[PDB]
Amino acid sequence: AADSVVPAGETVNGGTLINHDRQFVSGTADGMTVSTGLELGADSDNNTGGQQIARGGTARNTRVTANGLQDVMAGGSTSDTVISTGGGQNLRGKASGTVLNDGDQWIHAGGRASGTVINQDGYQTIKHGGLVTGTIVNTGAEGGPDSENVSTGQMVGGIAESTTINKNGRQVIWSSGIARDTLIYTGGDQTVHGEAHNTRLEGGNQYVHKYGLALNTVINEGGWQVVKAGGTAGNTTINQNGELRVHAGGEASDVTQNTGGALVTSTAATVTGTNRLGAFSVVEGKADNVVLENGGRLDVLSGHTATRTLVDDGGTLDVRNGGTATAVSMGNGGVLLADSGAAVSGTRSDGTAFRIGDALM
């Protein structure tokens with residue numbers, strides 16, 4: 001019902017916005033508490049009230065609470081907005097230091113959010129043409145790898161740059177989205193339907209879904225890059241105690257498999273790269289020179305072949321009915337599983353020969 005304007009060059013300190021009141025900020029508004037403008041929710045066209053930052057205006061230390069809407073127009077700016085309990089920031093200008101404590105931030109085309117902190121139950125949605133940098137993601141993956149929650153955390157339909165994903169943090173990259181230069185700690189995860197470039201798994205997980213593309217993922221201790229059917233990973237580095245898992249119909253090309261790195265796949269996947277014994281490939285049902293250790297595993301399916309597989313400590317070679325593995329080299333701690341109809345031959349730890357055609361060593 002009531003309406004106020006902060007002209008350019010003027011500054012207003014404090015205040016509360018309730019019952020659909022509106023503050024039109026062309027100057028500076030510091031410490032406003034915004035508790036109206038979003039009563040009907042984000043999917044309604046009939047909301048009224050809230051704080052509007054026009055071109056050249058600025059807001060500082062704003063609190064957005066339940067039903068509160070801070071609307072930042074192109075050319076407007078905010079610093080250190082704290083969003084709690086079902087408030088939201090609609091961003092078409094610039095925001096710095098926004099904290100989401102179960103609040104929403106929507107970044108529209110041309111909007112830019114730097115340093116947003118997504119705390120528990122917070123929700124950052126980046127639309128096509130929107131950009132965020134330096135985001136800290138602390139929520140959305142509380143439920144672990146089995147949780148398909150996408151209602152909290154960071155949803156990327158535009159571009160996210162320099163994101164840190166901490167324990168419990170979840171980033172989802174939709175088909176049109178791009179994440180560049182992401183750091184993912186243990187307990188954090190990133191799901192790729194769009195594109196990811198330069199991702200560091202410092203214990204965290206990256207799931208590459210159908211049509212997703214992950215470029216230059218570095219997998220350090222505890223990290224996990226999973227490539228589903230129809231997903232693609234290019235130029236992955238598997239470091240010690242990291243794992244690359246490529247499902248049937250998934251693709252990983254130009255893999256750098258360093259010593260102690262685990263590769264987990266089957267002969268129905270497509271994998272190429274180099275390991276500590278040179279070039280290796282799993283292509284069109286034929287594996288050559290795969291190195292399995294420290295959790296690595298290769299399933300050789302019916303009609304498929306593997307040659308020159310090194311099964312070293314913590315590696316597992318699993319040859320199904322109708323699969324063939326020749327020149328298998330068994331190291332100490334390596335395991336071979338051969339089902340009934342499997343044909344397997346090689347040499348073991350001892351330099352001694354063996355031939356099959358259930359568990360070995």
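In this chain, residues are counted from 1 in sequence order.
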Please name all residues satisfying side-chain hydrogen bond (donor to acceptor under 3.5 Å, both in side chains) with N119, sequence neighbours left out, ordered by chain then number.
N101, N138

Using the salt bridge (charged side-chain N to carboxylate O under 4.0 Å, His left out) criterion, which residues pair with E251? Sequence neighbours excluded.
none

Hits for side chain to side chain contact (heavy atoms under 4.5 Å, CB included) against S162, two or more places apart or cross-chain, chain-then-number order -> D181

Exercise answer: donor-acceptor pairs, residues 90-98 side-chain atoms, under 3.5 Å, sequence neighbours excluded:
residue : atom : partner : partner atom : Å
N90     : OD1  : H108    : NE2          : 2.5
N90     : ND2  : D71     : OD1          : 3.2
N90     : ND2  : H108    : NE2          : 3.4

Got a list of side-chain donor-acceptor pairs under 3.5 Å for residues 281-290, not counting sequence neighbours?
residue : atom : partner : partner atom : Å
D288    : OD1  : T307    : OG1          : 2.7
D288    : OD1  : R308    : NH2          : 3.4
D288    : OD2  : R308    : NH2          : 2.7

Qualifying ring-ring contact (aromatic ring centres under 6.0 Å, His included) pairs, either residue in residues 198-223, two or more places apart
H193-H209

Can you list the other members of the hydrophobic cluster that holds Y123, where links are side-chain heavy atoms under 4.5 angstrom apart?
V150, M155, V172, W174

Please determine whether side-chain hydrogen bond (donor to acceptor under 3.5 Å, both in side chains) holds for the pair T182 and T199, giving the CA-CA distance in whole Å, both sets of side-chain angles, and the decisive distance to 0.1 Å.
CA-CA 5 Å; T182 307; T199 305; 4.6 Å; no

Can you list the residues that meet the salt bridge (charged side-chain N to carboxylate O under 4.0 Å, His left out) rule with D299, with sequence neighbours excluded?
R297, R320

May I have all residue pairs that pass side chain to side chain donor-acceptor pair (under 3.5 Å) and include part of residues 261-275, sequence neighbours excluded?
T267-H304

Apply side chain to side chain contact (heavy atoms under 4.5 Å, CB included) to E243 and list each qualifying residue two or more places apart in sequence or on a separate chain.
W224, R245, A262, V264

Test salt bridge (charged side-chain N to carboxylate O under 4.0 Å, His left out) applied to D146 - qualifying residues, sequence neighbours left out
none

List in chain and number order the residues that pass side chain to side chain contact (heavy atoms under 4.5 Å, CB included) with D313, two or more places apart in sequence or in another chain; answer none if no residue qualifies.
none

Cut-off 3.5 Å, side chains only: do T58 and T28 have a donor facing an acceptor?
yes

Stepwise, does the side-chain hydrogen bond (donor to acceptor under 3.5 Å, both in side chains) test hold for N321 with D339?
CA-CA 6 Å; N321 186 25; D339 299 336; over 6 Å; no

